[PDB]
Amino acid sequence: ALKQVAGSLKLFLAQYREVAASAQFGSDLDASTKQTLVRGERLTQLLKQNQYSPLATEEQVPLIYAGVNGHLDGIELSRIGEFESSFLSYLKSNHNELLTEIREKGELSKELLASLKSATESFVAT
Amino acid sequence: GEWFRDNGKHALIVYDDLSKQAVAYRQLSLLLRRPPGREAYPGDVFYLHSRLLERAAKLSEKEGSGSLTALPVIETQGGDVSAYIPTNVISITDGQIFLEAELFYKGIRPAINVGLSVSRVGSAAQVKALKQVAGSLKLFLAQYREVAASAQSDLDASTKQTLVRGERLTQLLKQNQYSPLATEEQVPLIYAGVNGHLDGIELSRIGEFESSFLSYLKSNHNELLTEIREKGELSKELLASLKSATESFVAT
Amino acid sequence: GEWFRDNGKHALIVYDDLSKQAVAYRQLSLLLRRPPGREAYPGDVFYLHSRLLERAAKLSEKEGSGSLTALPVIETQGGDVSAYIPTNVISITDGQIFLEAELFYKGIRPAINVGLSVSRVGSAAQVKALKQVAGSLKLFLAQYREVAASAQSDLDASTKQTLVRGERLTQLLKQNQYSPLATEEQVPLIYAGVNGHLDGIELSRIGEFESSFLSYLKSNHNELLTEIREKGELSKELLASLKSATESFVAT
Amino acid sequence: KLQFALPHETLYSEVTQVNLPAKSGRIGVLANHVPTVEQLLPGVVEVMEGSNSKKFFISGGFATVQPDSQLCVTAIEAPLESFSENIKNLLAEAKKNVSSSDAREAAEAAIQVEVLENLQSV
Amino acid sequence: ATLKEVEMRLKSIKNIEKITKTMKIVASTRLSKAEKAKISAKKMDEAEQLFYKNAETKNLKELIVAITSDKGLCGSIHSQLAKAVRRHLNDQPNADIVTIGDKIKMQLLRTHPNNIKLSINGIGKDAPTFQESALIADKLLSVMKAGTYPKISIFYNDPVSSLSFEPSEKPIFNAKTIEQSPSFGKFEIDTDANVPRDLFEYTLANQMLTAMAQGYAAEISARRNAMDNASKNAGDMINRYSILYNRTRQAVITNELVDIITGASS
Amino acid sequence: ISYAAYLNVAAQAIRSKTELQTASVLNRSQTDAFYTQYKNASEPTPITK
Amino acid sequence: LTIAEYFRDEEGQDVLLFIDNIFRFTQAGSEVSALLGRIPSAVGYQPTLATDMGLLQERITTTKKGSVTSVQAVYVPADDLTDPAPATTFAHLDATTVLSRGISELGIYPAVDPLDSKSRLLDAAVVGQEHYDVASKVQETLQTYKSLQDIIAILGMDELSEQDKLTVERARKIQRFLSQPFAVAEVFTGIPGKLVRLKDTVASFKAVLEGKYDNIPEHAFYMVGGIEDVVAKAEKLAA
Amino acid sequence: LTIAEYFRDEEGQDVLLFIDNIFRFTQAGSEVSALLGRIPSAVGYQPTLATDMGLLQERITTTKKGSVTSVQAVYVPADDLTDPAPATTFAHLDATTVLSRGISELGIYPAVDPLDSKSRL
Amino acid sequence: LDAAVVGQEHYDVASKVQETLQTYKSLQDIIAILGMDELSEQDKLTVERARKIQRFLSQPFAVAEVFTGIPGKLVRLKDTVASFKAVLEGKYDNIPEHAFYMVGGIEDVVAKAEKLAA
């Protein structure tokens, strides 16, 4: 499940720093580059984690899922931390059947994807 | 040197230089087949200096009040005070007078880099007169260095003043070789600098100003120099009288 | 090699290479437990190579005029000529032909770094003709690699020129492997460049120019080539002849 | 005095007569001319200081007779007899062909036609 | 603390140095070519704005055009000009804004996102030309309807010397504002074909070319100046790192030797 | 088209003999400037003016 | 190697000798050298490092009896190619594929350093003048780009010559075109491996150098086969 | 040097001694020291670097009888002036004459650099 | 340095201070070569602020009175936490750098800023 949602996260994050390098000499970027610069800056933010606060894959997956796809781009940067815990609580009360599924079946099908895609898109409007 | 110390008298000892002592010691240790450490010096190259320099001291009343004062000389390479031997000695002595090669080439001699120079115990032992006209000179000067380094982004108002005073005290601090000067010959020059009576005078003439100013003081206001010499302090009256004679000379 | 030298003849010796020979001698010395020094070399590794290399020599007329000429090879690591063995050999010898990957990858082959190569002997060993046309080559290329970082819009006609010239003179110095040129083939090529006959020729065509130009001189001007070869100098008549035959071809 | 000024080249910055092509009419600036402002359409321009007569070619711009009584000319491009058959009618057969059809750009290459006619005027 | 680090940290700066030192000469070649465009521009404007001086023309919503360029490395050209627009634009938080050159944008975009309705691009390469000045004017009339404004203002840097400059403001008057003037009658302008219409449109183009030419030569002087201070400042670090290099290199030879030595003793 | 821009077309017909067409003539007859209308933040296509 | 030699001499046939990792031979002898009584040589290695290596390497060879094609993985201590061990290994090889950290980090696999890798066979007499010219130009193009990268971090792109912009733009394509999914590598690529025939490679890169694909997006050269594959990938991204 | 001393001590002259090149004196002692089994010092120079240098230099001086004055050619390894060889040498140098191609390539003979060349005197 | 010991507010301040200082560090080379002008506004402000923190972290010890010329000040933890918290909150941006140098808490900055402005 984690493998799927973390597509080219590692290569992408490289493409991000390839660009966070070009941003240095006071550049101005085209639509693709300014966006991926925004995406990665938030992806980085989502990788922050407290000590003694480890997470289960079924909690990890939705976070990485929301991140890479861009359901976090139009959110103010300093609030990704409170997003992480609000959202995991939201999915525990509303769309809990989903998280239950990931823990047990360790995999995703179109049905799990679109449910979660529909579920995350929901939360974004707080 | 110690004989003087132990017999109620005072001795100054210059070690010129310890860098070369250390090198000789290294020669002996390697031929003695002692293991080379950092920069090939033996482990005891610190103890070499430390035991030597610990012998400098000021003694108690009971021990006759003698003193041995040490001025060890160290030679940096490429101006690096962080090398092994420099830092060893700095961790022994009570301060450093650092001399910059950069200042030296510019003609600023003595080339004392004030930022990097310090005396850890001497402030106590300073002659009051100097201490009084050295008000913050320590802080100010080595801080005019803040502006000076930045200077060459704005043609400022406030920080254009400190650039003109700074430059002056920098010349006042210059000094010809073989010409050590008495305290009472010193304090006026500094008073005249610190209170900005030089601000109007050009750089190229601060040299001539100083010789001509001391002549003036000797012939005309010798009573006052004598008072500086004999009491070592500046009474409000002598302070005010000194202001008087300063303004007069500058005007002409 | 020395049999040739001692008997009125001339031998060339290539030692490919001395890096590897110094490694071999180090093996022997370490295993014989002689004392090691820098990079673990024995204190007589300089003596090994100088002993070896001073044997190349140009003998007096009394002694038969024989000669031995040496091309020792040294491999550096990361271009570090301050390494122990390159140091030894650089200083023993009479000059350096310095090769570089950078140049190599740019297509400049042989990848000789002009500004780092030298022959202390110099002119004394050059055919006079080549010395005549090359005089300035030394110069333009020198002035080229100084203004290089400019090769990246707004530059006066002075610099645009300097850049045009050098590009082409650089290109002229490229050469295929296994294709050494006769002196009489070299000088007219160098002459054309040195004197500006290549300026108007797009940079990619300097190669085919060289080839064509040579063959053209061979069919039409075998006289100029024969003189260059047979006389070793260029008279003002040869120079003038060369000038004409060049423009003739460049136009055509 | 006269001041002639192109943005890339200042030409003329005491005079007796100057000749401009104004709104429609071709004014010959008299010595004491009442201050007047008139646009310059494409055409030739002459200056005088003795019996010195010499023309240029004007793209367009403004001419202002000033309260100092001096003249001021400004065009964008300017000689014509000394800056010139082979040069002229070159992309003039490419002028009508890119006239052209329809977008709205037709208007910019319609500004080429009327201009070339009154450029090969003399 | 290792040779590799110090040697390559040196190789970053040695190029930074050589490069900043090149664009000071490329800046100096560009210097005269642009002192020339500034002279030709002023001279043209001097003939045009002299009429406005005589007509004693003043100003009875707003458009602000601020001019610099795309490229940095020119000191505080973009900054204290942006700041001049901040000082003036306090009186008018509703003045529409067109910016010329991306750097004045990122300055004015972060301070007032909404006022910027238009932004121009790829400007400070070569000297400004009339085409640029014109087509920018054209679009100020097109989508920005420059005609339909009470007051117009151009912002640009005037070059005073080769060491300092001053962010300046100069006004633009429209068809209407030219007519209703203290001294329109001084001139015998023909009141027939739309003249004030043109003298405004022609001036919009011109007074910008003249603002850009001055802003450019201010920029070019500021580059050659900032780069001189940089190449100087770089060399200083190169000097300080050539010294550290040398220490480390010596240390490397010694430390390597001590291992050989310990190894040999046993 | 406008009085400034109109003049320019008659300044590029005037501009376009190859021999007197010196280097700083071809420069003046070109431009790499893109206009972008900026709403709210940004807006539409950047077009080569 | 003893096994390998036997096939070469008494099977009279083309043997293939794969060694991963030959560095470990020099390391091993190194680990016992002090306890064998030796004074150490430089960088900690044995005094016999080179002659040790000749004895091994000079056996790994084609003789007149039979042919051996050997491929040896060679670790490079701390990426330092000048460390005595790999540095003594170079001169035993007819072809040296040099892998690079700076390339791997750019997401380019195999991370083969296109400039630093060499072959005895890159020679017109062998590969043909065309092949040789293509390789030569590819290399000049990349070097020019490697050169210019110093500018492209301080001045950006904009101060670049027309000719040079074209080069740099072509270079970044060529650089990516040199990547390939491996069949053995699918696990780290999620991309079905590709094999590309030599004649295609030459044709493909030749074509790129002439500029017959400057109109095509960058990402379309990355991690694909030959020029067919690149034209396919461009259409998919266009949809 | 011994030959030079005889002209001073017995003939009373002011004598020139040229040493080309002083660095090769150092390196030789570095090499002898290594053959003698002596543990090397910093940068691989002999532990006796300074005294080896002193034993040569201190003999070049002015007596009451004359002087031996010495012009010594100085190589700088790695162009690093803090290298123990130049560093030790410099300790004994009273002046430098700096010959520059940059002075030569302006056709100035001798090619002495007036800004570079420095003297204690 | 852990929220479960010092409280989240303390932690958060310490860390943002640390992020701020770190930004200046990553920049030093560029500040020294190319000056302040070649920073983005974000950066310029962070650099401007970091230097105020830098200096605010300095403190006159009582035992170095001879070298400071100034009496030894001492700051209660709770005051350090709050004082720094406020600087980050952009509450003291208009203040010149010099007013944070060699003082105690934030009350002392206010004081020295007015001392300079007279």
# chains A, B, ... in the order shown; residues from 1 in each chain; ligands from 1
>>> closest_atom_pairs(of="chain E", to="chain G", cutoff="9 Å", atoms="only C-alpha atoms", output="CSV")
residue,atom,partner,partner_atom,distance
E:12,CA,G:150,CA,8.1
E:15,CA,G:150,CA,7.0
E:16,CA,G:154,CA,7.4
E:19,CA,G:151,CA,7.5
E:20,CA,G:154,CA,8.9
E:71,CA,G:155,CA,8.7
E:73,CA,G:155,CA,8.9
E:125,CA,G:159,CA,8.3
E:256,CA,G:43,CA,7.0
E:257,CA,G:42,CA,8.5
E:259,CA,G:44,CA,7.7
E:260,CA,G:40,CA,5.9
E:261,CA,G:40,CA,8.7
E:263,CA,G:39,CA,6.0
E:264,CA,G:39,CA,5.1
E:265,CA,G:39,CA,8.5
E:266,CA,G:39,CA,8.8
>>> closest_atom_pairs(of="chain H", to="chain B", cutoff="9 Å", atoms="only C-alpha atoms", output="JSON lines")
{"residue": "H:38", "atom": "CA", "partner": "B:31", "partner_atom": "CA", "distance": 6.3}
{"residue": "H:39", "atom": "CA", "partner": "B:30", "partner_atom": "CA", "distance": 5.9}
{"residue": "H:40", "atom": "CA", "partner": "B:30", "partner_atom": "CA", "distance": 7.6}
{"residue": "H:41", "atom": "CA", "partner": "B:40", "partner_atom": "CA", "distance": 5.5}
{"residue": "H:42", "atom": "CA", "partner": "B:40", "partner_atom": "CA", "distance": 5.2}
{"residue": "H:43", "atom": "CA", "partner": "B:39", "partner_atom": "CA", "distance": 8.2}
{"residue": "H:46", "atom": "CA", "partner": "B:27", "partner_atom": "CA", "distance": 8.5}
{"residue": "H:47", "atom": "CA", "partner": "B:27", "partner_atom": "CA", "distance": 4.7}
{"residue": "H:48", "atom": "CA", "partner": "B:27", "partner_atom": "CA", "distance": 5.7}
{"residue": "H:49", "atom": "CA", "partner": "B:27", "partner_atom": "CA", "distance": 8.3}
{"residue": "H:50", "atom": "CA", "partner": "B:23", "partner_atom": "CA", "distance": 7.9}
{"residue": "H:51", "atom": "CA", "partner": "B:24", "partner_atom": "CA", "distance": 8.3}
{"residue": "H:81", "atom": "CA", "partner": "B:78", "partner_atom": "CA", "distance": 8.3}
{"residue": "H:82", "atom": "CA", "partner": "B:77", "partner_atom": "CA", "distance": 5.9}
{"residue": "H:87", "atom": "CA", "partner": "B:77", "partner_atom": "CA", "distance": 8.4}
>>> write_last_selection(atoms="N, CA, C and O atoms", output="mmCIF file, in the first residue's frame")
data_model
loop_
_atom_site.group_PDB
_atom_site.id
_atom_site.type_symbol
_atom_site.label_atom_id
_atom_site.label_comp_id
_atom_site.auth_asym_id
_atom_site.auth_seq_id
_atom_site.Cartn_x
_atom_site.Cartn_y
_atom_site.Cartn_z
ATOM 1 N N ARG H 38 66.449 8.019 10.839
ATOM 2 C CA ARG H 38 65.787 9.005 11.686
ATOM 3 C C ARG H 38 64.304 9.170 11.373
ATOM 4 O O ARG H 38 63.897 9.324 10.228
ATOM 5 N N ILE H 39 63.485 9.110 12.406
ATOM 6 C CA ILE H 39 62.071 9.399 12.250
ATOM 7 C C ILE H 39 61.894 10.834 11.717
ATOM 8 O O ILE H 39 62.354 11.792 12.359
ATOM 9 N N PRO H 40 61.245 10.973 10.532
ATOM 10 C CA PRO H 40 60.861 12.214 9.863
ATOM 11 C C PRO H 40 59.999 13.120 10.746
ATOM 12 O O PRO H 40 59.276 12.623 11.600
ATOM 13 N N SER H 41 60.081 14.436 10.525
ATOM 14 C CA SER H 41 59.280 15.424 11.252
ATOM 15 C C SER H 41 58.022 15.832 10.461
ATOM 16 O O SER H 41 57.476 15.039 9.686
ATOM 17 N N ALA H 42 57.554 17.059 10.671
ATOM 18 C CA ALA H 42 56.400 17.587 9.943
ATOM 19 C C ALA H 42 56.676 17.583 8.447
ATOM 20 O O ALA H 42 57.792 17.859 8.020
ATOM 21 N N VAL H 43 55.666 17.230 7.659
ATOM 22 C CA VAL H 43 55.739 17.276 6.188
ATOM 23 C C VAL H 43 56.834 16.369 5.593
ATOM 24 O O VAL H 43 57.065 16.375 4.391
ATOM 25 N N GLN H 46 63.519 16.316 7.724
ATOM 26 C CA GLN H 46 64.358 15.762 8.763
ATOM 27 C C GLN H 46 64.088 16.465 10.060
ATOM 28 O O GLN H 46 63.836 17.666 10.056
ATOM 29 N N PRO H 47 64.172 15.734 11.196
ATOM 30 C CA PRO H 47 63.930 16.414 12.481
ATOM 31 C C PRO H 47 64.952 17.514 12.731
ATOM 32 O O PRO H 47 64.674 18.429 13.485
ATOM 33 N N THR H 48 66.114 17.421 12.086
ATOM 34 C CA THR H 48 67.195 18.389 12.234
ATOM 35 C C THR H 48 67.130 19.523 11.200
ATOM 36 O O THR H 48 68.127 20.252 10.997
ATOM 37 N N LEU H 49 65.955 19.707 10.579
ATOM 38 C CA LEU H 49 65.776 20.719 9.509
ATOM 39 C C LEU H 49 66.401 22.068 9.848
ATOM 40 O O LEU H 49 67.240 22.553 9.101
ATOM 41 N N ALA H 50 66.038 22.638 10.996
ATOM 42 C CA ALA H 50 66.498 23.985 11.388
ATOM 43 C C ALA H 50 67.987 24.067 11.738
ATOM 44 O O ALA H 50 68.642 25.034 11.368
ATOM 45 N N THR H 51 68.519 23.079 12.455
ATOM 46 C CA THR H 51 69.935 23.112 12.816
ATOM 47 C C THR H 51 70.804 22.819 11.593
ATOM 48 O O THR H 51 71.839 23.446 11.407
ATOM 49 N N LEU H 81 54.277 29.027 0.921
ATOM 50 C CA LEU H 81 55.357 29.716 1.639
ATOM 51 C C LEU H 81 55.438 29.356 3.111
ATOM 52 O O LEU H 81 56.347 29.817 3.807
ATOM 53 N N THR H 82 54.473 28.577 3.600
ATOM 54 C CA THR H 82 54.508 28.132 4.981
ATOM 55 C C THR H 82 55.115 26.750 5.051
ATOM 56 O O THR H 82 55.257 26.203 6.143
ATOM 57 N N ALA H 87 59.990 28.190 5.009
ATOM 58 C CA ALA H 87 59.755 28.824 6.295
ATOM 59 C C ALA H 87 61.044 28.909 7.115
ATOM 60 O O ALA H 87 61.352 29.965 7.688
#
>>> residues_around(residues="residue F:31", least_positions_apart="4", cutoff="9 Å", atoms="only C-alpha atoms", output="JSON, numbers by chain")
{"E": [122, 123, 129, 131, 132], "F": [27, 48, 49]}
>>> write_last_selection(atoms="C-alpha atoms", output="compact mmCIF listing (two decimals), in the first residue's frame")
# COMPACT_ATOMS: atom_id res chain seq x y z
CA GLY E 122 12.78 39.67 -20.45
CA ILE E 123 13.75 43.33 -20.29
CA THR E 129 14.82 50.02 -27.82
CA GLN E 131 10.01 48.83 -30.14
CA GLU E 132 10.00 47.65 -26.52
CA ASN F 27 18.79 44.46 -32.37
CA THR F 48 5.31 37.39 -27.00
CA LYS F 49 4.40 41.09 -27.51
>>> residues_around(residues="residue F:37", least_positions_apart="4", cutoff="7 Å", atoms="only C-alpha atoms", output="number ranges by chain")
E: 117-119; F: 43-44
>>> residues_around(residues="residue E:188", least_positions_apart="3", cutoff="12 Å", atoms="only C-alpha atoms", output="PyMOL selection string")
(chain D and resi 33-38+64-67) or (chain E and resi 55+183-185+191-192+195)
>>> interface_residues(of="chain E", to="chain F", cutoff="10 Å", atoms="only C-alpha atoms", output="PyMOL selection string")
chain E and resi 97-98+100-101+109-110+112-123+125-139+141-144+197-206
>>> write_last_selection(atoms="N, CA and C atoms", output="compact mmCIF listing (two decimals), in the first residue's frame")
# COMPACT_ATOMS: atom_id res chain seq x y z
N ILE E 97 -1.36 48.73 -11.22
CA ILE E 97 0.09 48.62 -11.42
C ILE E 97 0.51 47.72 -12.56
N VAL E 98 1.37 48.27 -13.42
CA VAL E 98 2.10 47.51 -14.41
C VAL E 98 3.58 47.58 -14.05
N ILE E 100 7.59 46.53 -15.05
CA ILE E 100 8.53 46.14 -16.08
C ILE E 100 9.77 45.50 -15.43
N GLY E 101 9.96 44.21 -15.71
CA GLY E 101 11.07 43.45 -15.16
C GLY E 101 10.70 42.70 -13.90
N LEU E 109 5.02 42.20 -5.74
CA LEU E 109 4.08 41.08 -5.66
C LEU E 109 3.91 40.64 -4.22
N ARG E 110 5.00 40.68 -3.46
CA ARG E 110 4.99 40.23 -2.07
C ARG E 110 4.47 41.31 -1.13
N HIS E 112 2.23 43.99 -2.35
CA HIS E 112 0.85 44.22 -2.80
C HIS E 112 0.50 43.30 -3.98
N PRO E 113 0.03 42.07 -3.71
CA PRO E 113 -0.31 41.14 -4.81
C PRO E 113 -1.35 41.67 -5.81
N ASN E 114 -2.34 42.41 -5.32
CA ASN E 114 -3.52 42.76 -6.12
C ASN E 114 -3.39 43.94 -7.07
N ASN E 115 -2.53 44.90 -6.72
CA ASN E 115 -2.37 46.11 -7.53
C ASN E 115 -1.77 45.81 -8.90
N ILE E 116 -0.81 44.90 -8.92
CA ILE E 116 -0.24 44.39 -10.16
C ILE E 116 -1.33 43.72 -11.00
N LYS E 117 -1.68 44.37 -12.11
CA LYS E 117 -2.60 43.79 -13.08
C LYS E 117 -1.83 43.31 -14.32
N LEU E 118 -0.68 43.93 -14.57
CA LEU E 118 0.17 43.58 -15.71
C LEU E 118 1.65 43.52 -15.31
N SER E 119 2.39 42.63 -15.97
CA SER E 119 3.82 42.45 -15.72
C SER E 119 4.57 42.09 -17.00
N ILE E 120 5.68 42.79 -17.23
CA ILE E 120 6.49 42.58 -18.43
C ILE E 120 7.76 41.77 -18.09
N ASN E 121 8.34 41.15 -19.11
CA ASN E 121 9.29 40.06 -18.95
C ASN E 121 10.43 40.15 -19.94
N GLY E 122 11.62 39.70 -19.55
CA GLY E 122 12.78 39.67 -20.45
C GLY E 122 13.18 41.05 -20.95
N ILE E 123 13.59 41.90 -20.01
CA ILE E 123 13.75 43.33 -20.29
C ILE E 123 15.21 43.80 -20.28
N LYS E 125 18.15 42.78 -20.80
CA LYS E 125 19.20 42.07 -21.55
C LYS E 125 20.13 43.08 -22.19
N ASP E 126 19.79 43.51 -23.40
CA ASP E 126 20.45 44.62 -24.07
C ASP E 126 19.78 45.92 -23.64
N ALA E 127 20.34 47.04 -24.09
CA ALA E 127 19.73 48.37 -23.90
C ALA E 127 18.28 48.41 -24.39
N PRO E 128 17.43 49.27 -23.79
CA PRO E 128 16.07 49.38 -24.29
C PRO E 128 15.99 50.03 -25.67
N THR E 129 15.06 49.54 -26.47
CA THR E 129 14.82 50.02 -27.82
C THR E 129 13.42 50.63 -27.88
N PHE E 130 13.11 51.36 -28.95
CA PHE E 130 11.79 52.01 -29.06
C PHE E 130 10.69 50.98 -29.22
N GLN E 131 10.99 49.90 -29.95
CA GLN E 131 10.01 48.83 -30.14
C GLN E 131 9.47 48.38 -28.80
N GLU E 132 10.38 48.03 -27.88
CA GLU E 132 10.00 47.65 -26.52
C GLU E 132 9.13 48.74 -25.92
N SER E 133 9.71 49.93 -25.80
CA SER E 133 9.03 51.09 -25.26
C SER E 133 7.65 51.29 -25.87
N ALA E 134 7.53 51.01 -27.17
CA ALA E 134 6.28 51.21 -27.90
C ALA E 134 5.24 50.12 -27.61
N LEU E 135 5.61 48.86 -27.82
CA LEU E 135 4.68 47.74 -27.65
C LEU E 135 4.19 47.61 -26.21
N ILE E 136 5.05 47.94 -25.25
CA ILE E 136 4.64 48.06 -23.85
C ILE E 136 3.61 49.20 -23.72
N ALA E 137 3.87 50.32 -24.38
CA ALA E 137 2.91 51.42 -24.41
C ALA E 137 1.60 50.93 -25.02
N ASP E 138 1.71 50.23 -26.15
CA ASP E 138 0.55 49.72 -26.88
C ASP E 138 -0.39 48.93 -25.97
N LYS E 139 0.19 48.09 -25.12
CA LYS E 139 -0.60 47.21 -24.26
C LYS E 139 -1.15 47.95 -23.04
N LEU E 141 -2.31 50.84 -23.36
CA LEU E 141 -3.51 51.40 -23.95
C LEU E 141 -4.56 50.31 -24.17
N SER E 142 -4.11 49.17 -24.70
CA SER E 142 -4.97 48.02 -24.97
C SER E 142 -5.73 47.56 -23.75
N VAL E 143 -5.12 46.66 -22.99
CA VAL E 143 -5.85 45.99 -21.91
C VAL E 143 -5.89 46.83 -20.63
N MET E 144 -4.92 47.73 -20.49
CA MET E 144 -4.84 48.56 -19.29
C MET E 144 -5.56 49.90 -19.44
N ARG E 197 -4.49 63.52 -28.34
CA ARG E 197 -4.52 62.06 -28.34
C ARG E 197 -3.14 61.50 -28.66
N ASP E 198 -2.56 61.99 -29.76
CA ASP E 198 -1.27 61.48 -30.22
C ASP E 198 -0.11 61.90 -29.34
N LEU E 199 0.01 63.20 -29.07
CA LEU E 199 1.09 63.71 -28.23
C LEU E 199 1.16 62.99 -26.88
N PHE E 200 0.03 62.44 -26.44
CA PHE E 200 -0.02 61.62 -25.24
C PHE E 200 0.51 60.23 -25.52
N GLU E 201 0.08 59.64 -26.63
CA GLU E 201 0.43 58.27 -26.98
C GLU E 201 1.89 58.14 -27.39
N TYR E 202 2.36 59.15 -28.12
CA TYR E 202 3.75 59.30 -28.53
C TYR E 202 4.65 59.54 -27.33
N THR E 203 4.15 60.30 -26.36
CA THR E 203 4.88 60.60 -25.14
C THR E 203 4.91 59.40 -24.20
N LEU E 204 3.81 58.64 -24.17
CA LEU E 204 3.77 57.44 -23.35
C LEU E 204 4.92 56.52 -23.74
N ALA E 205 5.08 56.31 -25.05
CA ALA E 205 6.18 55.52 -25.58
C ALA E 205 7.53 56.14 -25.19
N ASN E 206 7.72 57.40 -25.55
CA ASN E 206 8.99 58.11 -25.37
C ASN E 206 9.49 58.27 -23.94
